[PDB]
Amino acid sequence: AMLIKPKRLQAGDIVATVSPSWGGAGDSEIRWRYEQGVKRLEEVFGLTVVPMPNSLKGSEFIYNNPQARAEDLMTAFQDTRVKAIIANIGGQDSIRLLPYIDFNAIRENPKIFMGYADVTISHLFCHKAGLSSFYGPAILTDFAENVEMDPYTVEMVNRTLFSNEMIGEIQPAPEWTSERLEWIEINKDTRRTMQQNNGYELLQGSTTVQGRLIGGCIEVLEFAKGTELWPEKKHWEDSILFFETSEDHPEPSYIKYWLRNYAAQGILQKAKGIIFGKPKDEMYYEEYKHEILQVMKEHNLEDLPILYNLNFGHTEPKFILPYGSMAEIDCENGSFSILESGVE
């Protein structure tokens, strides 16, 4: 282990909400959605929520003030009352925060940080500071789910952030959705239609392997390549890579190119295994498979275990991936597990 595992959460703890990417949470027509997400944090998990100063000032201000976003993060980390930090939503430009990050402030204040998509960049901030962050649900997409939170997501939050015992095997969700239901309050009493889930798919591999988790949104990780934010070499040794595709539905060819680059970096050659999240709307589901298996064939990595269609990324519900945690891919059973606690 080379990342600090933060302290477990419990009822009464204060959680901070932040907008390091898109600042729509503060927009007039969206605010209701944010408040809905806060409600579940307070009622289902018994937590106290506090928005950081600049977090709800709207999308226009947020976009024009990357420094203000950084200040919000630093404030949350440097406040010892804050036991956890949760992103409101992803976006596309959180990379602009890099010049304003005091990594030492993160290093000196280990605590839970969670989010996904463009929040991958913020996870890399933590990662560089030697802090294990959590690739998981955000306020507006998961906690603010209309009518009721998904029991699957709730369970995984409990198991990951409220328990210092081994997470164990991650079962596949029974249902999933990526249906677009506009975030206007007129729809708050409307449930999203669910789709039956078929489970995980083993694309290749014939062995049981263990490695430490690293990765995120495959599109956003590209933003950090070549930068000082990219993880040091040792973080890629004996790893379990995890990738998920965003809502832009990246064309299959780009997956191929991006994976080719991971081979050019020597990353795929060091991996113990790889896991892929369900594509949003299951778009390019079969096409991505082709591109992935092709790259492995190109670099003689056809024995590398790859698990597909996992419940993380841009579909609901989702489980949580702690960065740096020991994970397992059992090819014989086609199962996936996390072999330790997410928190102390």
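The first residue of the sequence shown is number 1, and the count goes up from there.
Student: With respect to the C-alpha temperature factors reported in the PDB entry, which of 225, 123, 81, 111 ranks highest?
Tutor: Answer for 225, 123, 81, 111: 81, with the highest C-alpha B-factor.
Student: Using the B-factor values recorded in the entry, state whether the Cα atom of residue 317 falls in the lowest, middle or highest third among the modelled residues of its chain.
Tutor: For residue 317, the deposited C-alpha B-factor lands in the middle third.
Student: Lowest, middle or highest third of the chain for the C-alpha temperature factor of residue 57?
Tutor: Middle third of the chain for residue 57's C-alpha B-factor.
Student: Lowest, middle or highest third: where is residue 273 by Cα B-factor in its chain?
Tutor: Lowest third of the chain for residue 273's C-alpha B-factor.
Student: Looking at the entry's B-factor column for C-alpha atoms only, identify whether residue 140 ranks in the lowest, middle or highest third of its chain.
Tutor: For residue 140, the deposited C-alpha B-factor lands in the middle third.
Student: Would you mind ranking residue 244 by its C-alpha B-factor against the rest of the chain and naming the third, lowest, middle or highest?
Tutor: For residue 244, the deposited C-alpha B-factor lands in the lowest third.
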